[PDB]
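Novice: Here is the input, now give the coordinates:
(chains A, B, C, D, E, F, G, H, I, J and K, ligands or ions: 63)
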Amino acid sequence: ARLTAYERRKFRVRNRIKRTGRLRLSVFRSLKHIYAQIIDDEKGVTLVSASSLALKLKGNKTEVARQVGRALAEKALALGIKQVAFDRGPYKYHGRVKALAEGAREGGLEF
Amino acid sequence: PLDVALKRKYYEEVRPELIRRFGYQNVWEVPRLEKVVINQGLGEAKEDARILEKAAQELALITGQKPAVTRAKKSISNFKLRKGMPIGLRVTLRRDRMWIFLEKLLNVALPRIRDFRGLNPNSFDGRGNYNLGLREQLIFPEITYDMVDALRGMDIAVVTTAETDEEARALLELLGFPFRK
Amino acid sequence: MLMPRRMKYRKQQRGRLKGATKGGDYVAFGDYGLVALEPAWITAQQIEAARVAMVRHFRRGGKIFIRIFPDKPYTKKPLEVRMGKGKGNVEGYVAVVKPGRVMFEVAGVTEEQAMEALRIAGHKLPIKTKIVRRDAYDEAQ
Amino acid sequence: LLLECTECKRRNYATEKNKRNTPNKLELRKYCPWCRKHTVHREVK
Amino acid sequence: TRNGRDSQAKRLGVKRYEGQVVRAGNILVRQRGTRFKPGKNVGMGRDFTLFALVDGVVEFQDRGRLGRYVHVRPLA
Amino acid sequence: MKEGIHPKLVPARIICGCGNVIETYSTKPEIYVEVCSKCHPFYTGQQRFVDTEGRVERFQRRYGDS
RNA sequence: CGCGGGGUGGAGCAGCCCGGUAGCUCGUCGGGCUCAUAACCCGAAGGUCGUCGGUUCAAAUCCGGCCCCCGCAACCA
RNA sequence: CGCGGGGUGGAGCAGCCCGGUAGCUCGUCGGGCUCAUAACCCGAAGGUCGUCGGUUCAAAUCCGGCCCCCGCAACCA
RNA sequence: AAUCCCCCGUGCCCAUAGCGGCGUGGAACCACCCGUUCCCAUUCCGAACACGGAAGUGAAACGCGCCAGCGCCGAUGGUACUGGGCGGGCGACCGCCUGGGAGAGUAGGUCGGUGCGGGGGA
RNA sequence: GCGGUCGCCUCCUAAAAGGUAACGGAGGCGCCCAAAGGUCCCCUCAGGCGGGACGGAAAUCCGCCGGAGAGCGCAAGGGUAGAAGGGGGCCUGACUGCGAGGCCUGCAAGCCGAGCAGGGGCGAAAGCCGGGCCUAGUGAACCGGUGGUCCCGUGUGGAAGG
RNA sequence: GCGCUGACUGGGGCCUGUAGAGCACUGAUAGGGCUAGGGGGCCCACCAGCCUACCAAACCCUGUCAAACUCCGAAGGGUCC
Ligand SMILES: [Mg+2]
Ligand SMILES: [Mg+2]
Ligand SMILES: [Mg+2]
Ligand SMILES: [Mg+2]
Ligand SMILES: [Mg+2]
Ligand SMILES: [Mg+2]
Ligand SMILES: [Mg+2]
Ligand SMILES: [Mg+2]
Ligand SMILES: [Mg+2]
Ligand SMILES: [Mg+2]
Ligand SMILES: [Mg+2]
Ligand SMILES: [Mg+2]
Ligand SMILES: [Mg+2]
Ligand SMILES: [Mg+2]
Ligand SMILES: [Mg+2]
Ligand SMILES: [Mg+2]
Ligand SMILES: [Mg+2]
Ligand SMILES: [Mg+2]
Ligand SMILES: [Mg+2]
Ligand SMILES: [Mg+2]
Ligand SMILES: [Mg+2]
Ligand SMILES: [Mg+2]
Ligand SMILES: [Mg+2]
Ligand SMILES: [Mg+2]
Ligand SMILES: [Mg+2]
Ligand SMILES: [Mg+2]
Ligand SMILES: [Mg+2]
Ligand SMILES: [Mg+2]
Ligand SMILES: [Mg+2]
Ligand SMILES: [Mg+2]
Ligand SMILES: [Mg+2]
Ligand SMILES: [Mg+2]
Ligand SMILES: [Mg+2]
Ligand SMILES: [Mg+2]
Ligand SMILES: [Mg+2]
Ligand SMILES: [Mg+2]
Ligand SMILES: [Mg+2]
Ligand SMILES: [Mg+2]
Ligand SMILES: [Mg+2]
Ligand SMILES: [Mg+2]
Ligand SMILES: [Mg+2]
Ligand SMILES: [Mg+2]
Ligand SMILES: [Mg+2]
Ligand SMILES: [Mg+2]
Ligand SMILES: [Mg+2]
Ligand SMILES: [Mg+2]
Ligand SMILES: [Mg+2]
Ligand SMILES: [Mg+2]
Ligand SMILES: [Mg+2]
Ligand SMILES: [Mg+2]
Ligand SMILES: [Mg+2]
Ligand SMILES: [Mg+2]
Ligand SMILES: [Mg+2]
Ligand SMILES: [Mg+2]
Ligand SMILES: [Mg+2]
Ligand SMILES: [Mg+2]
Ligand SMILES: [Mg+2]
Ligand SMILES: [Mg+2]
Ligand SMILES: [Mg+2]
Ligand SMILES: [Mg+2]
Ligand SMILES: [Mg+2]
Ligand SMILES: [Mg+2]
Ligand SMILES: [Mg+2]
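Specialist: Numbers count the residues shown, from 1 in each chain, chains lettered A, B, ... in the order given. Ligands and ions are numbered 1, 2, ... in the order given. Below, you will see the structure:
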């Protein structure tokens, strides 16, 4: 069994994003935590990091997400970065993935 | 409802007698039940959907789940059948709802089979899963004999986490499956 | 005589014969062989006459191999006609044979016997030939 | 079936093409006029 | 004879090679399938035709498993 | 499960050559089954009622002494 | 596209007028005369009467939209 | 080897356009009427569609090759 | 921040990183897991998707190692072919010079390498 | 002469850019689809083995194996699951006004096309959308028909006709 | 009229699928092996059923062929600097 709905859906949505040219607001979410990474392709380089497992916070992971959401803005917007795309990878734009995006407010956005 | 006599009997009877019989180092290694798939092959309903809904009516009554209506993958003349048309009925029941179903299958249904000296001890598909075919939908307690219009059986596919069917056999045995030895 | 059943295309160009035997080429079944010195189209009816000549001079045992096969469709007009209007028409099949190729090749027979058969067999061919035995070199695989 | 569907005033006639006997209804769909902007557009003649 | 037909040569192929200076618009490859894939600053039309999106120069990239790519690396 | 379009499925009763099967958990609580062969009636608890194997043996004994 | 007719049951087909029988033949079945089958006699089958909407108490009728088969008549860069 | 039409129960014909089911006459078989046969009456059996490949979900049917049949042509020279 | 080890992200190279066998890892990460109230769900199924949780397990997955049976890569020589320049044979074709030079096969090689960013270590 | 052919697409011939002939080797087009179109979200085949009432080589189901040999309306080729394939939800951009720049090219044609504007569709968004995986499904001009619209209206207002 | 841009040549990048070779796909194909089913030859006519001196799928070796086959692929050629 080569490649999986996971790996597939992952490329599918992520490949489209990488065409538009913008900086990528990649979102990896785990069972316990949710992390966020602003990457620049063609330079193969990350610019602004913002995890929850790095901000040692907890209590309802939909609300944690938004926090690490707003956390990403602050750190980033202070580096000039304003406009970006927003990955979303394998995750449907919903719950804590949608939450973090809604948190990414106070920083460029359009999402 | 998370009680169920068989779900209970698995953990506090089957699960231990299985460990001391195969010697599983880990907790998960020991065969768990998962997924029981019921599938009515219903070509009987080629050009008449009216008969396909009465069956679904029946299937959900015995399982507690409204089944999904499969459709013909390809067109195959000889016996009618084109790329479309509802040609089967299938429901996949999992944890809990599978337990309550599998319990009545052992303690009522099979008992009501004309004849019946045991299930086939060779229907294990090698990789540790078991399939069996029933010949009528009256052997289930929910059926009233006065709701039937015609007899139609089904396929039952029970799937196990056991890598071998040598083991998959014990699981089903200890659960109370009547095998013809 | 000897034609390849089921063909993707009947009638095929003619190409050249500048090659030097793709290979081949080194004997691989019998004790002795007939090797092609010149390039030519060998006709199924030429092969059949070479085979027979041997099985015949072998009492009936015998053990040919041939190794060449008529898969090329040879066409030819209906004569008494002029150029243009379709192509040849197919009147048989040939096998393409450049120098080096091992045709026929026999086994399970004496030397003064196999060598006499291969000589006969060779007279049925439109090219010059050569008889071989098969030494280490042949064991190229 | 060559088709020429129009708007709903001053005509218009931005022609398209419906091939068969189904679609066989009024064969209408939302389109845009050269005049104002985006109106119903129905099928005729 | 039952044969005798054929169609007009479609003059397909690459139109700008690597290290050639192009301009927004210049079509860079005419092809049937997706023999080449649109890279950086390279669009592709409904007939799979690759063209410069901006001015600059032409460079090719063989991403093996990922196929071959035509990029228009700017300079504008 | 999806809302509506479903049977209720509720704890139920049952009857047989046996006595009672509390387990159930099915639509239409309280059912009278012809013969639940699980309680112990039929084949299991290998009754082997109306035992057989006359065949040779039968014509044998009405023969040894006729 | 223009003008004129209409499809009635399994077939053609009267009822199309001054809005009111939704008919006749052959075919098949039942029954009798026939040494016989056909002829021939008795009875019986099948019509929302091309489409829908209308004006009248209705309607196959009249209007109107509608649909093709057939009918008619031109034109074709 | 030019062009056209064919090849289907035992005989002679349909069905091939347009796909999906093979029909008519004769004959054959069983039963009847007759002293008897035929006529006549009541029943029934029987064809993979020249052939190999292809197309399609499906080929007597559409497509291609080969083998036979019939018809027409072979002129200036 | 330096160096380094492990882990989670994300790239790049695009099989020497792959298949398969075996062995390992749960403190931390990750997964499975525990539930289905709530957002949201499955043409049936909380399998998937989704949320709320965390007792348990590294069985599955994944990560990391080892093994050349398969897969993959693969010279060096030597040929085939051939720019260009010359010969030869009735031909079909063949040979020389000077430059370029495969394919197969042989020896071998390989069960990864690395960029940026995190979390945890030393 | 008789026969065959005559435009368009695919493949080879074609000698590794393009192009290239013959009454050279083989096929196909003169359509089609209101969803077979746009967008968003999901989904992944063909086969092979084992397993399973009526199920048979093959109807529906379960298991493992299966990188594409399936599918993409029809020929062939190229392409393609990291979708162009399968499923659903809304929708009609099978838009109007244009068009940088090019492909091709004797002419005339044929082809691709970013971007701007108007007003929209789907999407959280990035964005995509000016029909369809693509390459055949086609016909200069003249002469007229039909619906608009400003424009001309033979002394002038109309009208005729353009 | 412009005027060093020309053929040709050196260096460098990119494009290609022929010569050759190859058999991984599409087909063709010699021998052997092992086995779907049939030719059979037959036991039955209830399972059956044994054997392969003709096939013959796939599968495995050893061998090969192809304008409309290519896992490969020169030399050359095209184009830009
Ligand atoms: Mg060789
Ligand atoms: Mg228009
Ligand atoms: Mg030509
Ligand atoms: Mg061409
Ligand atoms: Mg290359
Ligand atoms: Mg005839
Ligand atoms: Mg006849
Ligand atoms: Mg006819
Ligand atoms: Mg008769
Ligand atoms: Mg008789
Ligand atoms: Mg024929
Ligand atoms: Mg098809
Ligand atoms: Mg056939
Ligand atoms: Mg004359
Ligand atoms: Mg990682
Ligand atoms: Mg490779
Ligand atoms: Mg491995
Ligand atoms: Mg361990
Ligand atoms: Mg492991
Ligand atoms: Mg622990
Ligand atoms: Mg712990
Ligand atoms: Mg493990
Ligand atoms: Mg892990
Ligand atoms: Mg090598
Ligand atoms: Mg070398
Ligand atoms: Mg080499
Ligand atoms: Mg090693
Ligand atoms: Mg660190
Ligand atoms: Mg003529
Ligand atoms: Mg060329
Ligand atoms: Mg399968
Ligand atoms: Mg199977
Ligand atoms: Mg099976
Ligand atoms: Mg394909
Ligand atoms: Mg195709
Ligand atoms: Mg193709
Ligand atoms: Mg292809
Ligand atoms: Mg779709
Ligand atoms: Mg849609
Ligand atoms: Mg232009
Ligand atoms: Mg055109
Ligand atoms: Mg198209
Ligand atoms: Mg004129
Ligand atoms: Mg005019
Ligand atoms: Mg005009
Ligand atoms: Mg005026
Ligand atoms: Mg005047
Ligand atoms: Mg006036
Ligand atoms: Mg006018
Ligand atoms: Mg006017
Ligand atoms: Mg100069
Ligand atoms: Mg030059
Ligand atoms: Mg140069
Ligand atoms: Mg290549
Ligand atoms: Mg060659
Ligand atoms: Mg091959
Ligand atoms: Mg083959
Ligand atoms: Mg063989
Ligand atoms: Mg070749
Ligand atoms: Mg080709
Ligand atoms: Mg290589
Ligand atoms: Mg050059
Ligand atoms: Mg160069």
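
Novice: Could you pick out the longest helix of chain B?
Specialist: Counting by DSSP state H, the longest helix found in chain B is helix B:50-63.

Novice: so does that helix get close to RNA strand I?
Specialist: No - using CB under 7 Å from any atom of the strand, helix B:50-63 stays clear of RNA strand I, with a minimum separation of 7.7 Å. Every residue, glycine included, has its C-beta placed from N, CA and C.

Novice: what comes into contact with that helix?
Specialist: B:38, B:40, B:42, B:44-45, B:65-67, B:69, B:86, B:89, B:91, B:93, B:97, B:101, B:137, B:140-143, B:147, B:149-150, B:152, B:154, F:6-7, F:26-28 (CB atoms under 8 Å, 6 or more residues apart in numbering or on different chains).

Novice: Quick check: next helix or strand after that helix?
Specialist: strand B:88-93 (DSSP states H and E).

Novice: Check which element follows that following strand along the chain.
Specialist: helix B:97-104.

Novice: Between strand B:88-93 and that following helix, find me the angle.
Specialist: Angle of helix B:97-104 versus strand B:88-93, following axes from the mean of the first three to the mean of the last three CA atoms, to 10 degrees, is 100 degrees.

Novice: Just the buried subset of the contacts of helix B:50-63, please.
Specialist: B:38, B:40, B:42, B:45, B:65-67, B:69, B:86, B:89, B:91, B:93, B:97, B:101, B:137, B:140-143, B:152, B:154, F:7, F:26-28 (16 or more other CB atoms under 10 Å in any protein chain shown).

Novice: pretty sure residue B:44 belongs to a helix, no?
Specialist: Yes - assigned with DSSP: H, G, I helix; E, B strand; the rest coil, residue B:44 falls within a helix.

Novice: quick one: contacts for it?
Specialist: With CB under 8 Å, 6+ apart, residue B:44 has these contacts: B:51, B:150, B:152.

Novice: how does it look with 10 Å?
Specialist: Counting by CB atoms under 10 Å, 6 or more residues apart in numbering or on different chains, residue B:44 touches B:51, B:52, B:55, B:87, B:150, B:152.

Novice: how far away is the residue in chain E that chain B sits nearest to from residue A:15?
Specialist: Nearest residue of chain E to chain B: residue E:33, at 27.4 Å (CB to the nearest CB). Going from residue E:33 to residue A:15 by CB to CB, to the nearest Å gives 18 Å.

Novice: With neighbour numbers in mind, choose between those two.
Specialist: residue A:15 (9 against 6; other CB atoms under 10 Å in any protein chain shown).

Novice: Briefly note if the helix or strand where that one lies comes near chain B.
Specialist: Using DSSP H and E, residue A:15 sits in helix A:5-19. No - judged by CB under 10 Å from any CB of the partner chain, helix A:5-19 and chain B are separated, with a smallest distance of 17.3 Å.

Novice: My guess is residue E:58 contacts residue E:36. True?
Specialist: No - using CB atoms under 10 Å, residue E:58 makes no contact with residue E:36, being 11.3 Å away.

Novice: more neighbours, those two?
Specialist: residue E:58 (23 against 20).

Novice: helix, strand or coil for the residue sitting nearest the centre point of chain E?
Specialist: In chain E, the centroid-proximal residue (CA atoms, centre = their mean) is residue E:29; its distance is 2.1 Å. The three-state label given to residue E:29 by three-state DSSP is strand.

Novice: how about residue 21, what does it touch?
Specialist: By default, I'm working from chain A. Per CB under 10 Å, 6+ apart, neighbours of residue A:21: A:41, A:42, A:85, E:40, E:41.

Novice: other chain: chain D
Specialist: residue D:1.

Novice: gap between it and residue D:1?
Specialist: Taken as CB to CB, the span from residue D:21 to residue D:1 is 8 Å.

Novice: which residue ranges form the strands in chain D?
Specialist: D:2-3, D:5-6, D:16-17, D:42-43 (DSSP state E).

Novice: Near RNA strand H, which residues of chain C are found?
Specialist: So chain C meets RNA strand H at C:78, C:80, C:81, C:89 (CB under 7 Å from any atom of the strand).

Novice: Three-state assignment for the first one, please.
Specialist: If I follow you right, that is residue C:78. Residue C:78 is classified as coil under three-state DSSP.

Novice: give me the number of residues near it?
Specialist: 8.

Novice: The third one now?
Specialist: By the criterion of other CB under 10 Å, residue C:81 has 9 neighbours.

Novice: got a list of what residue E:15 touches?
Specialist: Contacts of residue E:15 (CB under 10 Å, 6+ apart): E:22, E:26, E:27, E:28, E:29, E:30, E:49, E:50, E:51, E:58.

Novice: who wins for most neighbours among the residues you listed?
Specialist: residue E:50 leads these on contacts (other CB under 10 Å) with 27 neighbours.

Novice: residue contacts, the residue in chain F positioned nearest to chain E?
Specialist: Residue nearest to chain E within chain F: residue F:2 (41.7 Å; CB to the nearest CB). Neighbour list for residue F:2: B:65, B:66 [criterion: CB under 10 Å, 6+ apart].

Novice: picking that back up, export the contacts of residue E:15 as CSV, with columns for distance to RNA strand J.
Specialist: Conversion of the contacts of residue E:15 to CSV gives the following (distance: CB to the nearest atom of the strand, whole Å):
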residue, distance to RNA strand J
E:22, 7
E:26, 4
E:27, 4
E:28, 8
E:29, 9
E:30, 5
E:49, 4
E:50, 8
E:51, 5
E:58, 12
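
Novice: For residue C:58, give its distance to residue C:17.
Specialist: Counting by CB to CB, the gap from residue C:58 to residue C:17 is 31 Å.

Novice: which one of these two has more residues nearby?
Specialist: Remark: of residue C:58 and residue C:17, residue C:58 carries more neighbours, 18 against 14, as counted by other CB under 10 Å.

Novice: for the residue nearest to the more buried one when sequence neighbours are not counted, what are its contacts?
Specialist: Ranked by CB to CB, 6 or more residues apart in numbering or on different chains and with sequence neighbours excluded, the top spatial neighbour of residue C:58 is residue C:117, at 5.9 Å. Going by CB under 10 Å, 6+ apart, residue C:117 touches C:32, C:34, C:50, C:53-58, C:62, C:64, C:104, C:106, C:109, C:131.

Novice: Of the contacts of residue B:44, which pair is most distant in space?
Specialist: Across the contacts of residue B:44, the longest distance by CB to CB is 16.8 Å; it joins B:87 and B:150.

Novice: ok, now which ones touch residue B:164?
Specialist: With the criterion set at CB under 10 Å, 6+ apart, residue B:164 makes contact with B:22, B:31, B:124, B:126, B:127, B:128.

Novice: is it true that the third one touches residue B:131?
Specialist: Yes - the pair residue B:124 and residue B:131 passes the contact test of CB under 10 Å, sitting 8.5 Å apart.

Novice: more crowded one of these two?
Specialist: Legend: neighbour count by other CB under 10 Å for residue B:124 and residue B:131, higher for residue B:124 (19 against 15).

Novice: The more buried one and chain F: what is the separation?
Specialist: To chain F, residue B:124 is 21 Å away according to CB to the nearest CB, to the nearest Å.

Novice: hey, what's that residue bridged with?
Specialist: Residue B:124 has the following beta-bridge partners by DSSP bridges: residue B:130.

Novice: For residue D:41, give me its contacts.
Specialist: Applying CB under 10 Å, 6+ apart, the residues contacting residue D:41 are D:5-8, D:12, D:14, D:16, D:28-33.
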